[PDB]
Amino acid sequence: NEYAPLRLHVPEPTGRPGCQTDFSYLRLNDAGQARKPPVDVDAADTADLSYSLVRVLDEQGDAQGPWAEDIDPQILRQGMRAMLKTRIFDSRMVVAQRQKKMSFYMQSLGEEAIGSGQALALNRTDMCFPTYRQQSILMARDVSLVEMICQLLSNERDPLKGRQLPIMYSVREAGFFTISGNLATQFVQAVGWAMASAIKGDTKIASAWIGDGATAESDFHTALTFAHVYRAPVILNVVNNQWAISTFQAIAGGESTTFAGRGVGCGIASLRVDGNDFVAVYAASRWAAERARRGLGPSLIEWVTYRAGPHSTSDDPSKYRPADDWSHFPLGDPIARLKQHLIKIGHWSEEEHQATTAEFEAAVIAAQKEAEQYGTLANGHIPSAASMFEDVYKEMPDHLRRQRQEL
């Protein structure tokens, strides 16, 4: 009588197939609007910043605000070089996926700026704990495409000896920690790696990565807690692309909140940054890195971007969101935006663009030819079956010895 019946509440994306998304839910800010706090700023004094948007490049491509200071155009160039290489590589692999040359692939269309951006702000020795979607990091550190593709193929030449699903890369020399299909686990692992660096009086930092969806996983909260408790030199990266397969970020707990907000909550200085503004990505990443390396503490950055492509090759986004959704995303295309800016200040041109595209297209095609020379799905040219039992333990134990012998 007195109380109306309670109702379960289930969040829904404003946009469904056959409609138009209402991108109002993204609390956005104009370029240069957000301030640049000191590297020693207390976590508590970062609250506003967790609910706003650090962004440099405006609508017309001009840089605004304090985040625009001290930005070497040579770095932006490497950035442009990194994003394009990534995107082109991505395109290529999707195709080799259709033509049944590759088992499985995940794109990073629309997110190329983030990994590359941060990668360029870090040292090669600063180990990254990436998800399956930060191949841009590998690209910005100029990793052999041949070996990347070989892994994508499970060749006789796969560095992981075909033990691991395509894209689940591992490149210790590139400061790129072995990817695991299990979500979120790497976020805690990053914090531990930083704790180690701190324990040995080193100066290396950990770069941790996670998506919007995976923040709901328990290792997310474990990472923030440990990063905070021990003041570990970690950069904690949340990549909010609005989606987790078919699931809108509101079901991840984004409704009326921010992911950056959860860092402030556990006493970690937090930024929410335009994920498609390369300059902003670079500027925010440098800040966090410097904060960490100075020994002033961990940082949480929520990168606001959009998962423009399919979740994976097995995915069909047209079954749960508007097909033309990316067209309307207020933060546009990272490559497009950097391009406009880089031309307008005179360190880029349609010419260098077209050429750089052309050279990377060539580079991937070559490496793909180079890698396939060592096998395919179709070719039984794959790693040995006897290798299947190695590295399970340091020394092949008796029982695996029998199991290999029996083959």
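Just count from 1 along the sequence shown to find any residue number.
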item: Stretch exceeding the other in mean C-alpha B-factor - 67 to 75, 272 to 280; value: 67 to 75
item: Stretch exceeding the other in mean C-alpha B-factor - 333 to 341, 319 to 327; value: 319 to 327
item: Given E290, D219, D158, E112, the residue at which the Cα B factor reaches its maximum; value: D158
item: Residue with maximal Cα B-factor (values as given in the PDB entry) among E173, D126, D212, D202; value: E173
item: Assigned third (lowest, middle, highest) for the C-alpha B factor of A206; value: lowest
item: Chain-relative CA temperature factor third for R92; value: highest
item: Chain third (lowest, middle, highest) by recorded CA B-factor, residue given as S136; value: lowest
item: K100 CA temperature factor, ranked by third within the chain; value: highest
item: Third of the chain's Cα B-factor distribution that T86 belongs to, per the entry; value: lowest
